[PDB]
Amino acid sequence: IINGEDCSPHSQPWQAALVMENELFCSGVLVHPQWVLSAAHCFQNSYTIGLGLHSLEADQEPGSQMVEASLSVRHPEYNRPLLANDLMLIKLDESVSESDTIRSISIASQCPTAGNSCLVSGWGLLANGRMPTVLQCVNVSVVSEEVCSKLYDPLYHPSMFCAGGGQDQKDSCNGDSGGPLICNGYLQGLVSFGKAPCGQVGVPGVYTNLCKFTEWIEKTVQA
């Protein structure tokens, strides 16, 4: 997250983290007590999801569950077109509790609207160059489908939407992938990609257009 701040301790209780060896590579979103939503390019044969964590310290977090899983469904249309349909559903090895630091969120019912101020959180690279210690928070608004489609032509696809790109250089970055983008208390999208370096004036970051997969996500979970 570039030019963000420290989220209020557990202000985003749906936020999830994907960890490999000793590091952290992606984030996710708890959209169901047994299902985590993330970005397809974060695929892994097996996962280790950290929930209810303001900091990546399971010890400093009394209320946090480091669950695991292995079943993950990538969208059939991922990367076709290139970078398109970037979303994936990870099924937890076990349900989770419904606590005050771990809560599932609902997926945006309607689609993005330009200028609509939203919020994105994650543990990716900071405004400077490093890894943060606690979840970062930054606010970015949605860009008209016109500006977005033109700015990223031909990579732009209906399964994506831009946000940010303002002169406040607020944007996402490596490590924030899969992170959640909330608008009006709803999960509008997920961190997908964007031109590097991050935080370029006029170059908003692209996210997954979840409103265009509401039917698929449901269908996939109920089977």
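Rigid core: the largest C-alpha set superposing within 1.5 Å between the two forms. From 1 onward, residues are counted along the sequence shown.
Check: Do you reckon 184 to 192 or 60 to 68 strays further from the shown form in 7 other deposited structures of this protein, measuring C-alpha RMS after a core fit?
Finding: With the rigid core fitted, 60 to 68 is the stretch that strays more in 7 other deposited structures of this protein.
Next item on the list: Name the stretch that deviates more in 7 other deposited structures of this protein: 20 to 28, or 204 to 212? Use RMS CA distance to the shown form, core superposed.
Entry: The stretch that sits farther from the shown form in 7 other deposited structures of this protein is 20 to 28.
Check: Which is higher in the entry, the mean Cα B factor of 36 to 44 or that of 151 to 159?
Finding: Between 151 to 159 and 36 to 44, it is 36 to 44.
Next item on the list: Mind pulling up the entry and telling me whether 20 to 28 or 6 to 14 has the higher mean Cα temperature factor?
Entry: Stretch with the higher mean C-alpha B-factor: 20 to 28.
Checklist line | Top Cα B factor in the deposited entry, candidates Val143, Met88, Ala108, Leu126 | finding: In the PDB entry, the greatest C-alpha B-factor among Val143, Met88, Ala108, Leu126 is found at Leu126.
Item checked: Modelled-residue ranking by C-alpha temperature factor, third containing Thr113 -> Lowest third, going by the recorded CA B-factors of the chain.
Next item on the list: Could you look up the Cα B-factor of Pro132 in the entry and say which third of the chain it sits in: lowest, middle or highest?
Entry: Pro132: CA B-factor falls in the highest third of its chain.
Notebook entry, point to check: Would the CA B-factor of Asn139 place it in the lowest, middle or highest third of its chain?
Noted result: Answer is middle: the recorded C-alpha B-factor places it there.
Check: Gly165: which third of its chain by C-alpha temperature factor?
Finding: Its C-alpha B-factor belongs to the lowest third of this chain's values.
Item checked: Assigned third (lowest, middle, highest) for the C-alpha B factor of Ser99 -> It falls in the top third of the chain.
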